[PDB]
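Here is the file model.txt (compact mmCIF, C-alpha atoms and all ligand atoms).
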# COMPACT_ATOMS: atom_id res chain seq x y z
CA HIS A 3 -17.68 -20.56 -25.71
CA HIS A 4 -17.38 -18.89 -22.25
CA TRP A 5 -16.21 -15.34 -21.76
CA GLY A 6 -12.61 -14.26 -21.59
CA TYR A 7 -10.29 -11.62 -23.05
CA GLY A 8 -9.25 -13.36 -26.28
CA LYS A 9 -10.32 -12.27 -29.79
CA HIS A 10 -13.39 -14.45 -30.03
CA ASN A 11 -14.63 -14.07 -26.44
CA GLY A 12 -13.27 -10.63 -25.48
CA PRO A 13 -15.19 -7.79 -23.81
CA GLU A 14 -16.68 -6.81 -27.18
CA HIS A 15 -18.62 -10.06 -27.01
CA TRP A 16 -19.88 -9.96 -23.42
CA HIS A 17 -23.09 -8.19 -24.41
CA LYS A 18 -24.47 -11.35 -26.13
CA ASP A 19 -24.58 -13.34 -22.87
CA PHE A 20 -24.74 -10.41 -20.40
CA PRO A 21 -26.95 -7.74 -21.97
CA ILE A 22 -26.18 -5.61 -18.96
CA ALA A 23 -22.83 -4.94 -20.61
CA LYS A 24 -24.55 -2.07 -22.49
CA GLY A 25 -26.36 -0.81 -19.37
CA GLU A 26 -26.23 2.60 -17.77
CA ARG A 27 -23.78 2.27 -14.89
CA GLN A 28 -21.06 0.19 -16.52
CA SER A 29 -17.45 0.18 -15.49
CA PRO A 30 -14.63 0.99 -15.95
CA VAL A 31 -14.70 4.58 -17.28
CA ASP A 32 -12.18 7.31 -18.05
CA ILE A 33 -11.75 9.74 -15.13
CA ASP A 34 -11.66 13.33 -16.51
CA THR A 35 -9.93 15.24 -13.75
CA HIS A 36 -11.15 18.62 -15.04
CA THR A 37 -14.85 17.63 -15.20
CA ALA A 38 -14.90 15.76 -11.87
CA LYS A 39 -16.64 17.74 -9.13
CA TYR A 40 -14.76 18.27 -5.91
CA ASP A 41 -17.49 17.58 -3.27
CA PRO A 42 -16.63 18.83 0.23
CA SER A 43 -19.39 16.74 1.81
CA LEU A 44 -17.51 13.48 1.07
CA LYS A 45 -15.89 12.31 4.30
CA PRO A 46 -12.44 10.67 4.53
CA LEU A 47 -12.21 6.92 3.96
CA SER A 48 -11.90 4.54 6.89
CA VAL A 49 -9.72 1.50 6.29
CA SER A 50 -9.72 -0.92 9.24
CA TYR A 51 -7.56 -3.87 8.20
CA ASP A 52 -5.54 -4.48 11.37
CA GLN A 53 -7.63 -7.65 11.88
CA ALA A 54 -7.44 -9.04 8.37
CA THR A 55 -7.29 -12.79 7.92
CA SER A 56 -6.19 -14.01 4.52
CA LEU A 57 -7.02 -17.61 3.75
CA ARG A 58 -6.28 -18.63 0.16
CA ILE A 59 -4.91 -17.52 -3.17
CA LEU A 60 -6.72 -19.01 -6.20
CA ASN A 61 -6.32 -18.89 -9.98
CA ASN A 62 -9.87 -18.74 -11.45
CA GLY A 63 -8.79 -18.50 -15.05
CA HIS A 64 -9.51 -14.80 -15.35
CA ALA A 65 -7.19 -13.29 -12.67
CA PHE A 66 -5.92 -14.49 -9.25
CA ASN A 67 -7.95 -13.77 -6.08
CA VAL A 68 -6.60 -13.43 -2.54
CA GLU A 69 -9.58 -14.32 -0.32
CA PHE A 70 -10.23 -13.21 3.26
CA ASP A 71 -12.40 -14.49 6.08
CA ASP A 72 -15.58 -12.33 5.87
CA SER A 73 -17.61 -14.14 8.53
CA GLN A 74 -17.02 -11.17 10.85
CA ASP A 75 -16.21 -7.45 10.68
CA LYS A 76 -12.46 -8.03 10.52
CA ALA A 77 -11.40 -5.98 7.44
CA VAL A 78 -13.91 -3.23 6.79
CA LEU A 79 -14.19 -0.03 4.78
CA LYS A 80 -16.58 2.75 5.97
CA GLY A 81 -16.47 6.57 5.51
CA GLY A 82 -16.16 8.30 2.13
CA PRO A 83 -19.34 8.19 0.08
CA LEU A 84 -20.53 5.03 1.91
CA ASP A 85 -23.32 4.25 4.42
CA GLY A 86 -22.84 1.28 6.83
CA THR A 87 -19.85 -1.11 6.75
CA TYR A 88 -18.38 -2.94 3.78
CA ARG A 89 -16.53 -6.17 4.58
CA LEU A 90 -13.34 -7.25 2.69
CA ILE A 91 -14.02 -10.44 0.76
CA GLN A 92 -11.14 -10.64 -1.82
CA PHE A 93 -8.58 -8.60 -3.87
CA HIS A 94 -7.35 -9.33 -7.42
CA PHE A 95 -5.56 -7.33 -10.12
CA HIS A 96 -5.99 -6.62 -13.82
CA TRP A 97 -2.81 -6.22 -15.93
CA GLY A 98 -1.43 -6.04 -19.40
CA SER A 99 1.00 -7.74 -21.78
CA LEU A 100 2.93 -4.45 -21.61
CA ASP A 101 3.82 -1.70 -19.17
CA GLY A 102 1.76 1.11 -20.75
CA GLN A 103 -1.43 -0.84 -20.59
CA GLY A 104 -3.02 -3.03 -17.96
CA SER A 105 -5.28 -0.67 -15.85
CA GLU A 106 -9.08 -0.63 -16.31
CA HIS A 107 -9.67 2.87 -15.09
CA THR A 108 -7.83 5.65 -16.86
CA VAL A 109 -6.97 9.23 -15.83
CA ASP A 110 -7.25 11.87 -18.55
CA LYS A 111 -6.90 8.79 -20.79
CA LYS A 112 -3.59 7.63 -19.25
CA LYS A 113 -3.40 3.86 -18.58
CA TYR A 114 -1.31 2.31 -15.82
CA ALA A 115 0.34 -1.07 -15.85
CA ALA A 116 -2.13 -2.70 -13.43
CA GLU A 117 -5.10 -1.91 -11.29
CA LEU A 118 -5.41 -3.62 -7.93
CA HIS A 119 -8.99 -4.14 -6.81
CA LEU A 120 -10.13 -4.66 -3.16
CA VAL A 121 -13.78 -5.90 -3.00
CA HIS A 122 -16.13 -5.33 -0.06
CA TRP A 123 -19.78 -6.19 0.49
CA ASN A 124 -22.34 -4.18 2.50
CA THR A 125 -22.94 -6.06 5.73
CA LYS A 127 -26.55 -4.86 5.69
CA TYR A 128 -27.19 -7.66 3.20
CA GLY A 129 -26.04 -10.69 5.25
CA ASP A 130 -23.86 -12.21 2.45
CA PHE A 131 -21.96 -11.33 -0.76
CA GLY A 132 -24.48 -12.95 -3.18
CA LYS A 133 -27.23 -10.83 -1.63
CA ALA A 134 -24.99 -7.72 -1.80
CA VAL A 135 -24.48 -8.14 -5.56
CA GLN A 136 -28.23 -7.71 -6.20
CA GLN A 137 -28.38 -4.22 -4.69
CA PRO A 138 -27.51 -0.78 -6.03
CA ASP A 139 -25.34 -0.10 -2.98
CA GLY A 140 -24.27 -3.71 -2.58
CA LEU A 141 -20.50 -3.41 -2.95
CA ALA A 142 -17.61 -1.00 -2.50
CA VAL A 143 -14.50 -1.51 -4.70
CA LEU A 144 -11.40 0.44 -3.72
CA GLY A 145 -9.18 0.75 -6.88
CA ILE A 146 -5.43 1.45 -6.90
CA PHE A 147 -3.20 1.98 -9.95
CA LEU A 148 0.13 0.25 -10.33
CA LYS A 149 2.98 2.09 -12.03
CA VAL A 150 6.28 0.29 -12.94
CA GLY A 151 9.01 1.88 -10.84
CA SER A 152 10.52 0.90 -7.54
CA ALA A 153 9.74 -2.58 -6.10
CA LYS A 154 6.95 -2.94 -3.47
CA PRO A 155 8.07 -5.13 -0.55
CA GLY A 156 4.48 -5.62 0.48
CA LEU A 157 3.49 -7.27 -2.80
CA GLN A 158 6.43 -9.80 -2.89
CA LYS A 159 4.75 -12.50 -0.79
CA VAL A 160 2.07 -12.43 -3.48
CA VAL A 161 4.55 -12.64 -6.38
CA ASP A 162 6.32 -15.56 -4.79
CA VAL A 163 3.33 -17.98 -4.62
CA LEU A 164 2.20 -17.34 -8.18
CA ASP A 165 4.35 -20.34 -9.20
CA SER A 166 1.98 -22.66 -7.30
CA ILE A 167 -1.32 -21.43 -8.84
CA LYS A 168 -0.10 -21.25 -12.41
CA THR A 169 -3.22 -22.67 -14.02
CA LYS A 170 -6.95 -22.26 -13.84
CA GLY A 171 -8.47 -23.93 -10.81
CA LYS A 172 -5.34 -24.04 -8.66
CA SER A 173 -5.45 -22.69 -5.14
CA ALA A 174 -2.89 -22.48 -2.32
CA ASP A 175 -3.14 -21.71 1.43
CA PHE A 176 -2.44 -17.99 1.82
CA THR A 177 -2.57 -16.93 5.46
CA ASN A 178 -1.14 -13.98 7.34
CA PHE A 179 -1.01 -11.58 4.33
CA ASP A 180 -1.71 -7.95 5.38
CA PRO A 181 -3.34 -5.85 2.65
CA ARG A 182 -2.11 -2.73 4.40
CA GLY A 183 1.13 -3.18 2.46
CA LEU A 184 -0.82 -2.35 -0.77
CA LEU A 185 -2.07 1.11 0.12
CA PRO A 186 -0.56 4.33 -1.18
CA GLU A 187 0.47 7.05 1.32
CA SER A 188 -2.62 9.18 0.44
CA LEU A 189 -6.29 8.19 0.42
CA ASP A 190 -7.65 10.95 -1.83
CA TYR A 191 -10.04 9.54 -4.38
CA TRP A 192 -12.65 9.85 -7.04
CA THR A 193 -16.07 8.13 -6.59
CA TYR A 194 -18.82 7.21 -9.01
CA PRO A 195 -21.58 4.59 -9.15
CA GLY A 196 -20.66 1.67 -11.37
CA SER A 197 -20.52 -2.12 -11.85
CA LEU A 198 -18.32 -5.25 -11.71
CA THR A 199 -15.88 -5.17 -14.59
CA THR A 200 -16.14 -8.91 -15.37
CA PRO A 201 -19.46 -10.72 -15.99
CA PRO A 202 -22.06 -10.76 -14.57
CA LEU A 203 -21.20 -7.03 -14.74
CA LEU A 204 -23.81 -6.19 -12.07
CA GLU A 205 -24.37 -2.54 -11.32
CA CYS A 206 -23.98 -2.91 -7.58
CA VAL A 207 -20.76 -1.02 -7.08
CA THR A 208 -19.80 2.30 -5.55
CA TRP A 209 -16.26 2.75 -6.98
CA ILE A 210 -13.58 4.47 -4.89
CA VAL A 211 -10.43 5.00 -7.07
CA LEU A 212 -7.31 6.27 -5.26
CA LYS A 213 -5.73 9.35 -6.72
CA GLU A 214 -2.17 8.16 -6.04
CA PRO A 215 -0.79 4.94 -7.55
CA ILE A 216 1.81 2.66 -5.98
CA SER A 217 5.02 1.45 -7.60
CA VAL A 218 5.96 -2.06 -8.62
CA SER A 219 9.21 -3.19 -10.20
CA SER A 220 9.23 -4.54 -13.73
CA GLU A 221 10.23 -7.90 -12.27
CA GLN A 222 7.20 -8.03 -9.97
CA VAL A 223 4.88 -7.31 -12.93
CA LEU A 224 6.67 -9.88 -15.02
CA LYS A 225 5.67 -12.70 -12.70
CA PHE A 226 1.98 -11.71 -13.18
CA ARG A 227 2.55 -12.20 -16.89
CA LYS A 228 3.60 -15.84 -16.29
CA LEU A 229 0.24 -17.08 -15.08
CA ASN A 230 -2.06 -18.96 -17.43
CA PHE A 231 -5.75 -18.61 -18.34
CA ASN A 232 -5.85 -22.31 -19.27
CA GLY A 233 -6.17 -25.26 -16.89
CA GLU A 234 -3.30 -27.73 -16.36
CA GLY A 235 -2.91 -30.08 -19.30
CA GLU A 236 -4.39 -27.54 -21.75
CA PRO A 237 -2.32 -25.55 -24.25
CA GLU A 238 -0.70 -22.51 -22.69
CA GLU A 239 -2.48 -19.15 -22.88
CA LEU A 240 -0.64 -16.47 -20.85
CA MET A 241 -2.83 -14.51 -18.41
CA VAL A 242 -2.46 -10.94 -19.74
CA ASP A 243 -4.55 -8.06 -20.91
CA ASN A 244 -7.34 -9.21 -18.56
CA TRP A 245 -8.75 -5.65 -18.53
CA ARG A 246 -12.00 -4.29 -19.87
CA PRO A 247 -11.91 -1.07 -21.93
CA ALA A 248 -13.41 2.24 -20.72
CA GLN A 249 -17.18 2.54 -20.84
CA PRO A 250 -19.37 5.51 -21.70
CA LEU A 251 -20.19 7.55 -18.59
CA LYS A 252 -23.73 8.49 -19.68
CA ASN A 253 -25.88 9.86 -16.85
CA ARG A 254 -23.20 9.94 -14.15
CA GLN A 255 -20.91 12.32 -12.33
CA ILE A 256 -17.47 11.60 -10.94
CA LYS A 257 -16.87 13.25 -7.54
CA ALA A 258 -13.48 14.00 -6.00
CA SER A 259 -12.57 14.17 -2.35
CA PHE A 260 -9.84 16.72 -3.06
CA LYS A 261 -9.28 19.98 -4.88
BR BR B 1 -13.93 -6.01 -10.59
ZN ZN B 2 -11.47 -6.24 -10.85
If you took the structure in this file and wrote it as structure tokens, what would it be?
Ligand SMILES: [Br-]
Ligand SMILES: [Zn+2]
Amino acid sequence: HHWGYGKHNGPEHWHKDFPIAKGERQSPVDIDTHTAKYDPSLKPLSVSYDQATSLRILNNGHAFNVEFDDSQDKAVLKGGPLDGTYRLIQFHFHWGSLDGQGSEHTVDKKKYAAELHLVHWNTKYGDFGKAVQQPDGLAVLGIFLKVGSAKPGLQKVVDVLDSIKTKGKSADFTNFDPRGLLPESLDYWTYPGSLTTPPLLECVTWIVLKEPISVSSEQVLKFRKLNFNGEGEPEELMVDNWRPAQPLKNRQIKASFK
């Protein structure tokens, strides 16, 4: 039927409907820290989120998205390996049924419990659907989540999950500041890739933060309580909504640190 993460519709099946799945700049990939080239020409990232406006949280049946107002340059990313300004449109996570699995990216093959993704489109294209159709369309900043100490800043998110339990639910979600989700350090790896869920377009410049942030077991647990299914359908827990690592092929990973 339609794509998902189950046995019969899992990532191993996406190629049939989205041939791009076997393309050349597919994501995620394994980051090999010894083969990554430190490039001293990469500039520091620029995260301007002091003017962020969250609007809604929504369960889409594949993850939950926190959406922002992108009608104006309010929450932008610039700097790093990027040209022009990338506007914040939404953030969502990928996670697993267990703590030692959940992340999409991997580091020297180590998997983290979740991978937060912040998505931004290149303003040069006028709108997100136009950005997706360009090689330098989007910028995705990725951050790993390790189970440890709680993260105050993620708690407002955890708390509303109860109201968007099933596919199609949404809830007003204003005044959230995504600055609470950032690690102390902004060192990263960069490579040219794609969206990790269909349509798997190769329009992304990935920026993966070296340092992860901590979440308590309890916080992660509440992620594990959402459903894939719509209300009135048999319960399918939302878990393991991560794609496996893809072959790097003709690409280089560049670091912003030594
Ligand atoms: Br993604
Ligand atoms: Zn994602």
Provide the atom CA of residue 194 of chain A to atom CA of residue 151 of chain A distance in Å, to one decimal place.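 About the pair atom CA of residue 194 of chain A and atom CA of residue 151 of chain A: they are 28.4 Å apart.
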Protein and nucleic residues near ligand BR 1 (chain B), 12 Å, only C-alpha atoms and all ligand atoms, as an NGL selection string: :A and (28-30 or 64-67 or 92-96 or 105-107 or 117-122 or 135 or 141-146 or 196-210 or 244-246)
Taking 4 positions as the minimum chain separation for residues in the same chain, which residues sit within 12 Å of residue 4 of chain A when counting all atoms listed in the file? Answer as a PyMOL selection string. chain A and resi 8+10-13+15-16+18-20+63-64+201
How about saving the chosen residues, C-alpha atoms kept, as a tab-separated table (two decimals), in the frame of the given file?
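And here is the file that came out, result10.tsv:
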chain	number	residue	atom	x	y	z
A	8	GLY	CA	-9.25	-13.36	-26.28
A	10	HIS	CA	-13.39	-14.45	-30.03
A	11	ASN	CA	-14.63	-14.07	-26.44
A	12	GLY	CA	-13.27	-10.63	-25.48
A	13	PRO	CA	-15.19	-7.79	-23.81
A	15	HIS	CA	-18.62	-10.06	-27.01
A	16	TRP	CA	-19.88	-9.96	-23.42
A	18	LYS	CA	-24.47	-11.35	-26.13
A	19	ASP	CA	-24.58	-13.34	-22.87
A	20	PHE	CA	-24.74	-10.41	-20.40
A	63	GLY	CA	-8.79	-18.50	-15.05
A	64	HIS	CA	-9.51	-14.80	-15.35
A	201	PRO	CA	-19.46	-10.72	-15.99
With all atoms listed in the file as the counted atoms, please give the residues lying no more than 9 Å from residue 26 of chain A, apart from itself and same-chain residues fewer than 2 positions off, as number ranges by chain. A: 22-24, 28, 196, 205, 250-254
Work out how far atom CA of residue 6 of chain A is from atom CA of residue 170 of chain A, in Å to one decimal.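 A separation of 12.5 Å between them.
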When distances are computed from only C-alpha atoms, which of A:216, A:62, A:131, A:124 shows the smallest separation from residue 232 of chain A? A:62
Point-to-point distance from atom CA of residue 78 of chain A to atom CA of residue 130 of chain A, Å rounded to tenths: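 Value for the atom CA of residue 78 of chain A-atom CA of residue 130 of chain A distance: 14.1 Å.
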List the spatial neighbours of residue 71 of chain A as a list in words - criterion: any atom at most 8 Å away, only C-alpha atoms, same-chain residues fewer than 2 positions off excluded.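 Here the answer would be residues 54, 55, 56, 57, 69, 73, 74, 76 and 91 of chain A.
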With C-alpha atoms retained, write the just-selected residues as an mmCIF file, in the coordinates of the input.
data_model
loop_
_atom_site.group_PDB
_atom_site.id
_atom_site.type_symbol
_atom_site.label_atom_id
_atom_site.label_comp_id
_atom_site.auth_asym_id
_atom_site.auth_seq_id
_atom_site.Cartn_x
_atom_site.Cartn_y
_atom_site.Cartn_z
ATOM 1 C CA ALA A 54 -7.440 -9.040 8.370
ATOM 2 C CA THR A 55 -7.290 -12.790 7.920
ATOM 3 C CA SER A 56 -6.190 -14.010 4.520
ATOM 4 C CA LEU A 57 -7.020 -17.610 3.750
ATOM 5 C CA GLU A 69 -9.580 -14.320 -0.320
ATOM 6 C CA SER A 73 -17.610 -14.140 8.530
ATOM 7 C CA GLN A 74 -17.020 -11.170 10.850
ATOM 8 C CA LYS A 76 -12.460 -8.030 10.520
ATOM 9 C CA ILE A 91 -14.020 -10.440 0.760
#
Using all atoms listed in the file, which of A:37, A:136, A:108, A:178 sits nearest residue 70 of chain A?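 Residue with the minimum atom-to-atom distance to residue 70 of chain A: A:178.
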Which is closest to ligand ZN 2 (chain B) among A:134, A:233, A:116, A:129, if we use only C-alpha atoms and all ligand atoms?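 Under the stated criterion, the closest residue is A:116.
Nearest-residue note for ligand ZN 2 (chain B): choosing from A:3, A:222, A:193, A:104, the minimum distance belongs to A:104, counting all atoms listed in the file.
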Residue among A:162, A:168, A:212, A:132 lying closest to residue 184 of chain A, counting only C-alpha atoms: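 Result for the nearest residue to residue 184 of chain A: A:212.
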Axis-aligned box over every listed atom of segment 210-220 of chain A, padded by 6 Å per side: centre and edges in Å to one decimal, as AutoDock Vina command-line options?
--center_x -2.2 --center_y 2.4 --center_z -9.3 --size_x 34.8 --size_y 25.9 --size_z 20.8
Applying 12 Å and all atoms listed in the file, which residues near residue 259 of chain A remain after dropping the ones on its own chain fewer than 6 positions away? List them as a list in words. residues 35, 38, 39, 40, 41, 42, 43, 44, 45, 46, 47, 81, 82, 83, 188, 189, 190, 191, 192, 193, 194, 210, 211, 212 and 213 of chain A
Write out, as a PDB file, in the coordinates of the input, the residues just selected, with C-alpha atoms.
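Wrote it out as again_29.pdb, contents follow:
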ATOM      1  CA  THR A  35      -9.930  15.240 -13.750  1.00  0.00           C
ATOM      2  CA  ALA A  38     -14.900  15.760 -11.870  1.00  0.00           C
ATOM      3  CA  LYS A  39     -16.640  17.740  -9.130  1.00  0.00           C
ATOM      4  CA  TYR A  40     -14.760  18.270  -5.910  1.00  0.00           C
ATOM      5  CA  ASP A  41     -17.490  17.580  -3.270  1.00  0.00           C
ATOM      6  CA  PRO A  42     -16.630  18.830   0.230  1.00  0.00           C
ATOM      7  CA  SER A  43     -19.390  16.740   1.810  1.00  0.00           C
ATOM      8  CA  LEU A  44     -17.510  13.480   1.070  1.00  0.00           C
ATOM      9  CA  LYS A  45     -15.890  12.310   4.300  1.00  0.00           C
ATOM     10  CA  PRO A  46     -12.440  10.670   4.530  1.00  0.00           C
ATOM     11  CA  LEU A  47     -12.210   6.920   3.960  1.00  0.00           C
ATOM     12  CA  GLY A  81     -16.470   6.570   5.510  1.00  0.00           C
ATOM     13  CA  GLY A  82     -16.160   8.300   2.130  1.00  0.00           C
ATOM     14  CA  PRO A  83     -19.340   8.190   0.080  1.00  0.00           C
ATOM     15  CA  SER A 188      -2.620   9.180   0.440  1.00  0.00           C
ATOM     16  CA  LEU A 189      -6.290   8.190   0.420  1.00  0.00           C
ATOM     17  CA  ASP A 190      -7.650  10.950  -1.830  1.00  0.00           C
ATOM     18  CA  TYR A 191     -10.040   9.540  -4.380  1.00  0.00           C
ATOM     19  CA  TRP A 192     -12.650   9.850  -7.040  1.00  0.00           C
ATOM     20  CA  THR A 193     -16.070   8.130  -6.590  1.00  0.00           C
ATOM     21  CA  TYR A 194     -18.820   7.210  -9.010  1.00  0.00           C
ATOM     22  CA  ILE A 210     -13.580   4.470  -4.890  1.00  0.00           C
ATOM     23  CA  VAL A 211     -10.430   5.000  -7.070  1.00  0.00           C
ATOM     24  CA  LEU A 212      -7.310   6.270  -5.260  1.00  0.00           C
ATOM     25  CA  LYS A 213      -5.730   9.350  -6.720  1.00  0.00           C
TER      26      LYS A 213
END
Under the rule that only C-alpha atoms and all ligand atoms are counted, which of A:219, A:86, A:127, A:97 is the nearest residue to ligand ZN 2 (chain B)? A:97
Fix up segment 56-81 of chain A with N, CA and C atoms, then write it as an mmCIF file, keeping the file's coordinate frame.
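Done, and the output landed in selection-v3.cif:
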data_model
loop_
_atom_site.group_PDB
_atom_site.id
_atom_site.type_symbol
_atom_site.label_atom_id
_atom_site.label_comp_id
_atom_site.auth_asym_id
_atom_site.auth_seq_id
_atom_site.Cartn_x
_atom_site.Cartn_y
_atom_site.Cartn_z
ATOM 1 N N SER A 56 -6.165 -13.484 5.902
ATOM 2 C CA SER A 56 -6.190 -14.010 4.520
ATOM 3 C C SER A 56 -6.304 -15.550 4.760
ATOM 4 N N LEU A 57 -6.832 -16.183 3.739
ATOM 5 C CA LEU A 57 -7.020 -17.610 3.750
ATOM 6 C C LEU A 57 -6.376 -18.359 2.580
ATOM 7 N N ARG A 58 -6.727 -17.966 1.374
ATOM 8 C CA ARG A 58 -6.280 -18.630 0.160
ATOM 9 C C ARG A 58 -6.040 -17.707 -1.034
ATOM 10 N N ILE A 59 -5.128 -18.195 -1.901
ATOM 11 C CA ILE A 59 -4.910 -17.520 -3.170
ATOM 12 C C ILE A 59 -5.502 -18.516 -4.163
ATOM 13 N N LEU A 60 -6.105 -18.084 -5.218
ATOM 14 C CA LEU A 60 -6.720 -19.010 -6.200
ATOM 15 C C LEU A 60 -6.671 -18.385 -7.611
ATOM 16 N N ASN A 61 -6.312 -19.207 -8.573
ATOM 17 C CA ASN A 61 -6.320 -18.890 -9.980
ATOM 18 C C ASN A 61 -7.729 -19.363 -10.448
ATOM 19 N N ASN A 62 -8.450 -18.440 -11.049
ATOM 20 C CA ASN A 62 -9.870 -18.740 -11.450
ATOM 21 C C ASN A 62 -10.023 -18.715 -12.940
ATOM 22 N N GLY A 63 -8.875 -18.527 -13.600
ATOM 23 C CA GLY A 63 -8.790 -18.500 -15.050
ATOM 24 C C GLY A 63 -9.078 -17.165 -15.669
ATOM 25 N N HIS A 64 -9.260 -16.163 -14.789
ATOM 26 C CA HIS A 64 -9.510 -14.800 -15.350
ATOM 27 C C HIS A 64 -8.612 -13.807 -14.634
ATOM 28 N N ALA A 65 -8.109 -14.097 -13.480
ATOM 29 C CA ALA A 65 -7.190 -13.290 -12.670
ATOM 30 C C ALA A 65 -6.824 -14.180 -11.479
ATOM 31 N N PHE A 66 -6.144 -13.650 -10.461
ATOM 32 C CA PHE A 66 -5.920 -14.490 -9.250
ATOM 33 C C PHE A 66 -6.589 -13.759 -8.072
ATOM 34 N N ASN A 67 -7.336 -14.440 -7.225
ATOM 35 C CA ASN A 67 -7.950 -13.770 -6.080
ATOM 36 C C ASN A 67 -7.345 -14.134 -4.737
ATOM 37 N N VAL A 68 -7.073 -13.154 -3.916
ATOM 38 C CA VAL A 68 -6.600 -13.430 -2.540
ATOM 39 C C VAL A 68 -7.954 -13.264 -1.762
ATOM 40 N N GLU A 69 -8.326 -14.290 -1.071
ATOM 41 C CA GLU A 69 -9.580 -14.320 -0.320
ATOM 42 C C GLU A 69 -9.352 -14.155 1.164
ATOM 43 N N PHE A 70 -10.285 -13.492 1.819
ATOM 44 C CA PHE A 70 -10.230 -13.210 3.260
ATOM 45 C C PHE A 70 -11.440 -13.851 3.970
ATOM 46 N N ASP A 71 -11.304 -13.972 5.269
ATOM 47 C CA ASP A 71 -12.400 -14.490 6.080
ATOM 48 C C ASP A 71 -13.408 -13.322 6.318
ATOM 49 N N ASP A 72 -14.561 -13.398 5.728
ATOM 50 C CA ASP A 72 -15.580 -12.330 5.870
ATOM 51 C C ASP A 72 -16.771 -12.704 6.736
ATOM 52 N N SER A 73 -16.574 -13.680 7.614
ATOM 53 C CA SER A 73 -17.610 -14.140 8.530
ATOM 54 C C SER A 73 -17.840 -13.119 9.626
ATOM 55 N N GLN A 74 -16.875 -12.216 9.791
ATOM 56 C CA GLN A 74 -17.020 -11.170 10.850
ATOM 57 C C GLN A 74 -16.376 -9.891 10.335
ATOM 58 N N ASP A 75 -16.753 -8.825 11.009
ATOM 59 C CA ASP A 75 -16.210 -7.450 10.680
ATOM 60 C C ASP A 75 -14.731 -7.467 11.017
ATOM 61 N N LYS A 76 -13.900 -8.049 10.163
ATOM 62 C CA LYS A 76 -12.460 -8.030 10.520
ATOM 63 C C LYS A 76 -11.802 -6.931 9.659
ATOM 64 N N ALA A 77 -12.007 -6.961 8.380
ATOM 65 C CA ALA A 77 -11.400 -5.980 7.440
ATOM 66 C C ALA A 77 -12.593 -5.252 6.800
ATOM 67 N N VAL A 78 -12.766 -4.041 7.303
ATOM 68 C CA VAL A 78 -13.910 -3.230 6.790
ATOM 69 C C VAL A 78 -13.431 -1.892 6.257
ATOM 70 N N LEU A 79 -14.278 -1.343 5.414
ATOM 71 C CA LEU A 79 -14.190 -0.030 4.780
ATOM 72 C C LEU A 79 -15.530 0.689 5.172
ATOM 73 N N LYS A 80 -15.393 1.907 5.588
ATOM 74 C CA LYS A 80 -16.580 2.750 5.970
ATOM 75 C C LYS A 80 -16.130 4.175 5.700
ATOM 76 N N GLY A 81 -16.969 5.181 5.800
ATOM 77 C CA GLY A 81 -16.470 6.570 5.510
ATOM 78 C C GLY A 81 -16.690 6.856 4.050
#
